[PDB]
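Working notes, structure below.
Letters A, B, ... are given to chains in the order of the sequence lines, protein chains preceding strands, and every chain is numbered from 1.
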Amino acid sequence: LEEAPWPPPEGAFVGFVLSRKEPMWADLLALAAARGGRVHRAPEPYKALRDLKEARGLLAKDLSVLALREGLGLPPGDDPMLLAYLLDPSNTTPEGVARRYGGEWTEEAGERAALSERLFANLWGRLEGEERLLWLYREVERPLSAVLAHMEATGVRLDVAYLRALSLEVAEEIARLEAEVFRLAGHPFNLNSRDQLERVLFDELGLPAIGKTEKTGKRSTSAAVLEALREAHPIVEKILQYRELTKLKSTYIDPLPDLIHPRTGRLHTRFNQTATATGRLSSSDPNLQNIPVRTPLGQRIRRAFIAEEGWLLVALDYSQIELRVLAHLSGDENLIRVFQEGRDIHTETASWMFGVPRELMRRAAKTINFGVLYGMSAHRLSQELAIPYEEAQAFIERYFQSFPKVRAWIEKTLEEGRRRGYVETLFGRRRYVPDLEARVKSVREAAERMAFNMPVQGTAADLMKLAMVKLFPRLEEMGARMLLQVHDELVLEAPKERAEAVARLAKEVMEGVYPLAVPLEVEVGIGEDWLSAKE
DNA sequence: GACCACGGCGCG
DNA sequence: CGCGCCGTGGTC
Ligand SMILES: Nc1nc2c(ncn2[C@H]2CC[C@@H](COP(=O)(O)OP(=O)(O)OP(=O)(O)O)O2)c(=O)[nH]1
Ligand code: NA
């Protein structure tokens, strides 16, 4: 709160103002610093940027990303946001955080610098006495912020011409399905309009309405509703296909090419470190954590993501990590034994109900393995397996019969969650879940599903994060790059010659990130594009 | 032009 | 379960 001349003393909190949220696209409008309750404002932000040794303050990573964009090696350090997020993962934004801990998120650089100063004091003290949250802050989050800033700055290479040609071809098939749909409907309408489609399917045609939408009570035309009506009329199959194509064209095929950065010639996403309730990362502007892969047209989209000339992509995927985290968290002997014997759990579980061994269909034990994690209901299983309701309800009983200890863990977690109001990851990351004692059943049980899923999902996020932190330094040694993280997968790019060495290494670092009662298995692939590298 | 709620859907 | 983005339909 004192007007001192730039530059600031070593180790001062910074407050910057950008023209827009994306650091890679943003103009730097103002720069300021605060140390010993004193504020300095820079005459010219870009020039003044070279003064700093490290970025400490609210949203440090963003300022570090922009610095790297300008060739400056300014690493991010302390960020009160990371502290607030560890106290309570509902602390996602500075607007929300400042308000909560005695400040006001402004649009001026100095006020932000001072907000960053006092907000760090208040929070760091709240953290003293929290051994395990401090270990996460120091050993995972703070260091991770730096790794992410390097991924954001690097970006990934995109095959623009390929997507541009794929757009024209996908456009022709869309015009095709549209013409057929119109015909089967006797007239044209906006097929992208959910409301107009509803009137056509259920009112003009005679089709039966299966379900209603949550907020407004309209008759749903969701995929789930259509797949059910799949044989009740030919038009719905043409519509499911039209949905797929228009979803992928408007979300990926069309907007991605226009997002290539001029200076880099690559595609840059943002890795949000303070966004989720479980401790996962999120990706935005654009979201690269949800690039299509499950359909044939999706796979054609992944081919667009390529390695620079002379480089290769290295794709590393943890196999069934959440399941293994569950085996470790619960202590289930039969579950542990599966991963211990190094035998395929899905076949293995499809032999606790059928065999054993290989002798119920694969995705039958698979859909349920994925389902126990979310608290999936019997009815939800029926639809996802095209199976009678009572066959789904029984498929779920043979599970808790085979692996009893998971049920005991679910119960234990809920009980303790009710007692102290939060649940924890293996490392102590917590999420406050208050509705565990709500008096409305639907509300209480929803809270319960968020509650016991979190320690699992959040522990896998912790394992992946720590793995990124340990892998980054080793990669920089071999002149390799970290490009993307997709929750339980990493994409790196490496020089053609070192590629295989980078793949063997990264695998070991990820597999030994943190030994559990069960081994961690990683699948690696190398290739000229994301689809090649995967598999 | 910005922003919003909604339904709907892509990924893990 | 956990995210982020799309078009539609709409306000300011
Ligand atoms: N495909 C799919 N993945 C999900 C779903 N819900 C969560 N996930 C996450 C968990 C793991 C990750 C990838 O799962 P995979 O398809 O690789 O499962 P997998 O064990 O490798 O199957 P497989 O052994 O047949 O290759 O996606 C879902 O509904 N579908
Ligand atoms: Na930061």
Side-chain angles (χ1 to χ4, degrees), chain A residues 20-21 89-90 92 189-199 211-227 239-240 242-256 259 269-295 297-299 301-302 305 315 317-323 325-326 369-377 380 410 413 423 425 429 431 433 445-461 463-464 484-491 530 534:
Chain A
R20 52 189 297 190
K21 54 188 177 185
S90 64
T92 58
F189 56 105
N190 193 349
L191 192 36
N192 297 327
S193 176
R194 193 227 68 94
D195 289 331
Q196 298 186 28
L197 174 58
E198 178 193 358
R199 303 179 183 99
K212 302 293 237 292
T213 62
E214 183 65 28
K215 259 68 179 180
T216 49
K218 288 167 180 167
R219 294 162 294 183
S220 179
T221 68
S222 71
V225 166
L226 305 177
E227 321 222 69
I239 288 180
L240 287 170
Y242 175 93
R243 283 270 180 87
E244 178 193 18
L245 302 205
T246 54
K247 173 65 161 185
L248 273 34
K249 186 161 172 295
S250 70
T251 296
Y252 312 90
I253 299 175
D254 281 337
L256 284 173
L259 292 168
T269 185
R270 306 179 64 205
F271 288 107
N272 313 290
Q273 218 179 333
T274 293
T276 74
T278 60
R280 273 194 172 185
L281 297 174
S282 83
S283 168
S284 54
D285 319 288
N287 182 358
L288 293 175
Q289 291 187 317
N290 77 339
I291 303 300
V293 76
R294 299 173 187 177
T295 69
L297 191 151
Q299 297 178 5
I301 288 172
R302 293 230 172 177
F305 293 77
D317 298 23
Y318 284 114
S319 71
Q320 313 112 13
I321 191 170
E322 286 185 325
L323 216 39
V325 156
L326 173 56
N369 271 329
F370 286 171
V372 193
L373 276 21
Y374 305 155
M376 175 192 55
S377 51
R380 181 63 158 255
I410 291 183
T413 308
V423 290
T425 61
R429 182 182 307 269
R431 172 186 180 176
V433 281
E445 289 185 353
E448 290 177 344
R449 291 188 299 272
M450 308 180 200
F452 72 72
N453 160 272
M454 117 76 172
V456 169
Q457 182 185 118
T459 284
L463 282 160
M464 170 60 82
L484 307 171
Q485 183 254 53
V486 192
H487 312 304
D488 58 18
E489 312 157 6
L490 283 178
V491 182
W530 198 350
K534 205 183 181 63

Apply ring-ring contact (aromatic ring centres under 6.0 Å, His included) to A:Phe370 and list each qualifying residue two or more places apart in sequence or on a separate chain. A:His346
Results of ring-ring contact (aromatic ring centres under 6.0 Å, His included) for A:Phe305 - residues two or more places apart only: A:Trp530
From [options], nucleotide with atom closest to [X] side chain:
X	options	result
A:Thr216	C:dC3, C:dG2, B:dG7	B:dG7
A:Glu214	B:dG7, C:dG4, B:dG10	B:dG7
A:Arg302	C:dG4, C:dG2, B:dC11	B:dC11
A:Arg243	C:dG4, B:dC9, B:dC6	B:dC9

Using atom [atom1] of [X] as one end and atom [atom2] of [N] as the other, report the distance to the nearest whole Å.
X	N	atom1	atom2	result
A:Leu373	C:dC3	CG	P	16 Å
A:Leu197	B:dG7	CG	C1'	12 Å
A:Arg20	B:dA2	CZ	P	11 Å
A:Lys218	B:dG7	NZ	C1'	8 Å
A:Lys534	B:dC11	NZ	P	11 Å

C:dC1 base to A:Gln457 side chain: any donor-acceptor pair below 3.5 Å?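 Present.
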Side-chain N,O (A:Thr213) to OP1/OP2 (B:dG8) below 4.0 Å: no
Read from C1'-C2'-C3'-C4', is the pucker at C:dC6 north or south?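 The C:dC6 sugar sits on the north side, the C3'-endo region.
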Letter by letter from the 5' end, nucleotides 5-11 of chain C scores (B base, S sugar-phosphate only, - none; protein heavy atoms under 4.0 Å) SSSSS--
State which residues pass salt bridge (charged side-chain N to carboxylate O under 4.0 Å, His left out) with A:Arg431; sequence neighbours excluded, sorted by chain then number. none
By side-chain hydrogen bond (donor to acceptor under 3.5 Å, both in side chains), A:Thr251 pairs with (sequence neighbours left out) none
Does A:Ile291 reach the side chain of A:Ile301, with side-chain heavy atoms less than 4.5 Å apart?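 Of all side-chain heavy-atom pairs linking A:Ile301 with A:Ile291, at least one is under 4.5 Å.
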Sequence neighbours excluded, every pair satisfying salt bridge (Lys or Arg N to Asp or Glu O under 4.0 Å) that has a member inside residues 242-251 of chain A: A:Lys249-A:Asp254
